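Okay, protein.pdb is below, PDB, C-alpha atoms:
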```pdb
MODEL        1
ATOM      1  CA  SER A  92     139.912 149.013  47.671
ATOM      2  CA  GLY A  93     143.209 147.959  49.219
ATOM      3  CA  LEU A  94     144.084 145.775  52.199
ATOM      4  CA  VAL A  95     147.096 146.294  54.463
ATOM      5  CA  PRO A  96     148.646 142.828  54.927
ATOM      6  CA  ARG A  97     151.672 142.522  57.211
ATOM      7  CA  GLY A  98     154.921 141.259  55.717
ATOM      8  CA  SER A  99     156.836 138.224  56.955
ATOM      9  CA  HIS A 100     160.620 137.995  57.271
ATOM     10  CA  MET A 101     162.294 134.585  57.071
ATOM     11  CA  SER A 102     165.235 133.680  59.308
ATOM     12  CA  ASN A 103     168.139 133.562  56.856
ATOM     13  CA  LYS A 104     171.579 132.570  58.144
ATOM     14  CA  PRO A 105     175.014 132.208  56.496
ATOM     15  CA  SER A 106     175.760 128.795  58.000
ATOM     16  CA  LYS A 107     179.501 129.063  57.359
ATOM     17  CA  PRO A 108     181.601 129.674  60.500
ATOM     18  CA  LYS A 109     185.293 130.460  60.037
ATOM     19  CA  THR A 110     188.279 129.526  62.201
ATOM     20  CA  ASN A 111     188.999 131.821  65.146
ATOM     21  CA  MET A 112     191.948 131.966  67.545
ATOM     22  CA  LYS A 113     193.927 134.628  69.408
ATOM     23  CA  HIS A 114     197.683 134.024  69.344
ATOM     24  CA  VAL A 115     200.869 135.493  67.874
ATOM     25  CA  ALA A 116     204.311 133.987  67.288
ATOM     26  CA  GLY A 117     207.141 133.851  64.768
ATOM     27  CA  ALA A 118     210.379 135.547  63.745
ATOM     28  CA  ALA A 119     211.733 137.382  60.702
ATOM     29  CA  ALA A 120     214.108 135.842  58.162
ATOM     30  CA  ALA A 121     215.391 136.328  54.614
ATOM     31  CA  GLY A 122     218.209 135.422  52.245
ATOM     32  CA  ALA A 123     217.814 132.068  50.511
ATOM     33  CA  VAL A 124     218.300 130.691  46.998
ATOM     34  CA  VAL A 125     217.627 127.363  45.286
ATOM     35  CA  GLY A 126     218.873 125.953  41.994
ATOM     36  CA  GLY A 127     216.134 123.512  41.064
ATOM     37  CA  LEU A 128     217.223 120.023  42.091
ATOM     38  CA  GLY A 129     217.642 120.136  45.857
ATOM     39  CA  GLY A 130     217.428 116.358  45.813
ATOM     40  CA  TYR A 131     220.645 114.899  44.423
ATOM     41  CA  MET A 132     224.199 115.210  45.744
ATOM     42  CA  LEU A 133     225.535 118.515  44.415
ATOM     43  CA  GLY A 134     228.697 120.004  45.883
ATOM     44  CA  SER A 135     230.431 123.092  44.513
ATOM     45  CA  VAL A 136     231.772 124.139  41.110
ATOM     46  CA  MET A 137     235.070 122.313  40.609
ATOM     47  CA  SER A 138     237.827 122.472  37.993
ATOM     48  CA  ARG A 139     236.959 121.172  34.525
ATOM     49  CA  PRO A 140     239.638 118.768  33.224
ATOM     50  CA  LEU A 141     240.117 118.385  29.469
ATOM     51  CA  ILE A 142     238.408 115.470  27.723
ATOM     52  CA  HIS A 143     240.007 112.731  25.623
ATOM     53  CA  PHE A 144     237.940 112.705  22.430
ATOM     54  CA  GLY A 145     240.734 111.019  20.500
ATOM     55  CA  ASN A 146     241.209 113.706  17.861
ATOM     56  CA  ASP A 147     242.587 117.248  17.698
ATOM     57  CA  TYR A 148     239.402 118.625  16.141
ATOM     58  CA  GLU A 149     237.077 117.477  18.924
ATOM     59  CA  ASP A 150     239.535 118.561  21.619
ATOM     60  CA  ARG A 151     239.776 122.081  20.201
ATOM     61  CA  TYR A 152     236.025 122.129  19.570
ATOM     62  CA  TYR A 153     235.118 121.443  23.198
ATOM     63  CA  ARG A 154     237.980 123.526  24.590
ATOM     64  CA  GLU A 155     236.470 126.429  22.651
ATOM     65  CA  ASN A 156     232.871 125.367  23.283
ATOM     66  CA  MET A 157     233.367 125.061  27.041
ATOM     67  CA  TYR A 158     231.874 128.517  27.581
ATOM     68  CA  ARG A 159     228.524 127.193  26.360
ATOM     69  CA  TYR A 160     228.696 124.376  28.910
ATOM     70  CA  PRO A 161     228.181 124.109  32.694
ATOM     71  CA  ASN A 162     230.926 123.657  35.287
ATOM     72  CA  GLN A 163     229.164 121.591  37.948
ATOM     73  CA  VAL A 164     227.015 118.456  37.790
ATOM     74  CA  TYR A 165     224.584 116.362  39.830
ATOM     75  CA  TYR A 166     225.369 112.786  40.862
ATOM     76  CA  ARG A 167     224.573 110.204  43.538
ATOM     77  CA  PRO A 168     226.600 109.036  46.568
ATOM     78  CA  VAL A 169     229.163 106.331  45.802
ATOM     79  CA  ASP A 170     228.520 105.013  49.311
ATOM     80  CA  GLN A 171     225.533 103.150  47.870
ATOM     81  CA  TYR A 172     225.733  99.552  46.654
ATOM     82  CA  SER A 173     226.104 100.006  42.896
ATOM     83  CA  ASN A 174     228.799  99.927  40.213
ATOM     84  CA  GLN A 175     230.534 103.184  39.291
ATOM     85  CA  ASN A 176     229.184 103.209  35.734
ATOM     86  CA  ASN A 177     225.748 103.084  37.364
ATOM     87  CA  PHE A 178     226.010 106.489  39.041
ATOM     88  CA  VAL A 179     228.428 107.777  36.402
ATOM     89  CA  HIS A 180     225.988 107.170  33.548
ATOM     90  CA  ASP A 181     222.976 108.066  35.692
ATOM     91  CA  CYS A 182     224.456 111.322  36.989
ATOM     92  CA  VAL A 183     225.200 112.310  33.391
ATOM     93  CA  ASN A 184     221.537 111.984  32.422
ATOM     94  CA  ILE A 185     220.635 114.319  35.286
ATOM     95  CA  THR A 186     223.009 117.180  34.492
ATOM     96  CA  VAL A 187     221.799 117.208  30.886
ATOM     97  CA  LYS A 188     218.226 116.884  32.149
ATOM     98  CA  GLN A 189     218.605 120.121  34.107
ATOM     99  CA  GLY A 198     218.821 122.061  30.856
ATOM    100  CA  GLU A 199     220.763 122.056  27.594
ATOM    101  CA  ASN A 200     219.047 123.407  24.478
ATOM    102  CA  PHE A 201     222.338 122.791  22.672
ATOM    103  CA  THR A 202     222.866 121.472  19.144
ATOM    104  CA  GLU A 203     222.396 117.897  17.933
ATOM    105  CA  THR A 204     226.129 117.185  18.107
ATOM    106  CA  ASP A 205     226.601 119.214  21.289
ATOM    107  CA  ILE A 206     224.417 116.721  23.152
ATOM    108  CA  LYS A 207     227.145 114.158  22.481
ATOM    109  CA  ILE A 208     230.092 116.203  23.745
ATOM    110  CA  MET A 209     227.908 117.238  26.682
ATOM    111  CA  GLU A 210     227.649 113.617  27.817
ATOM    112  CA  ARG A 211     231.425 113.155  27.741
ATOM    113  CA  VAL A 212     232.244 116.374  29.597
ATOM    114  CA  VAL A 213     229.704 115.481  32.283
ATOM    115  CA  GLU A 214     230.427 111.753  32.471
ATOM    116  CA  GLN A 215     234.191 112.268  32.668
ATOM    117  CA  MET A 216     233.455 114.847  35.365
ATOM    118  CA  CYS A 217     231.388 112.435  37.458
ATOM    119  CA  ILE A 218     234.213 109.908  37.773
ATOM    120  CA  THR A 219     236.672 112.702  38.553
ATOM    121  CA  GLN A 220     234.636 113.277  41.713
ATOM    122  CA  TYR A 221     234.513 109.612  42.721
ATOM    123  CA  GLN A 222     238.195 108.941  42.042
ATOM    124  CA  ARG A 223     239.054 111.790  44.411
ATOM    125  CA  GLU A 224     236.373 110.676  46.871
ATOM    126  CA  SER A 225     237.543 107.067  47.144
ATOM    127  CA  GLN A 226     240.841 108.477  48.407
ATOM    128  CA  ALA A 227     239.259 110.269  51.366
ATOM    129  CA  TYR A 228     236.828 107.395  51.911
ATOM    130  CA  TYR A 229     239.695 104.896  51.964
ATOM    131  CA  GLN A 230     240.531 106.339  55.381
ATOM    132  CA  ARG A 231     237.356 107.851  56.831
ATOM    133  CA  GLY A 232     233.816 107.520  55.513
ATOM    134  CA  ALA A 233     230.613 107.738  57.539
ATOM    135  CA  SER A 234     228.466 105.770  59.984
TER
ENDMDL
END
```

Rendering of file as structure tokens:
Amino acid sequence: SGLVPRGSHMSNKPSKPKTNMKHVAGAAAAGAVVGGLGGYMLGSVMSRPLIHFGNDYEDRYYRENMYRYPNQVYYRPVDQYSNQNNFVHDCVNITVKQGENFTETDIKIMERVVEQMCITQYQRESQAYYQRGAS
């Protein structure tokens, strides 16, 4: 024997509606680059004045090891209430924090080259600020 029972289909739904809207807008654009900081005050590569290590060995060492060192650095605005050594020593920790991978001794000379560079920017800034600054 064999009966012929009718099947039953259950109402199955996805229950997951997606966003829908008809509209178009926008323009084309390209050509942009970023270093990595984009937060601190970084101008443009400036001249790199010699450092005063105190000896002839160190001087020659750096002068010859300048190729393995950066040219620019990152510091904060001197327009803020804070001693110079504050931003000078702080800005130095940033530049070296961006990347070094140098030797154990290099890390030392790297702090001087950067530090001495920070002040060089302020000293020249104070001159222009002495006349006109900003609101």

Worksheet item: Just how far from atom CA of residue 218 of chain A is atom CA of residue 161 of chain A, in Å to one decimal?
Response: 16.2 Å

Worksheet item: For this file, the PyMOL selection byres ((chain A and resi 117-129) around 12) selects which residues, as a PyMOL selection string?
Response: chain A and resi 114-116+130-134+163-166+185-186+188-189+198

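Each of A:158, A:151, A:170, A:110 was compared to residue 231 of chain A using all atoms listed in the file, and A:170 turns out to be the nearest.
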
Fill in: d(atom CA of residue 143 of chain A, atom CA of residue 178 of chain A) in Å
20.4 Å

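One finds atom CA of residue 154 of chain A at 8.7 Å from atom CA of residue 142 of chain A.
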
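Proximity to residue 223 of chain A was assessed for A:107, A:169, A:136, A:201 counting only C-alpha atoms; the smallest distance is recorded for A:169.
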
Return as lines of an AutoDock Vina configuration file the centre and edge lengths, in Å with one decimal, of the box along x, y and z that encloses every atom of segment 168-187 of chain A in the file, padded by 3 Å per side.
```
center_x = 225.6
center_y = 108.4
center_z = 40.1
size_x = 15.9
size_y = 23.7
size_z = 24.4
```

Discussion item. For the PyMOL selection byres ((chain A and resi 157) around 12), applied here, can you spell out every residue it catches as a ChimeraX atom specification?
Written reply: /A:139-142,149-156,158-162,205,208-209,212-213
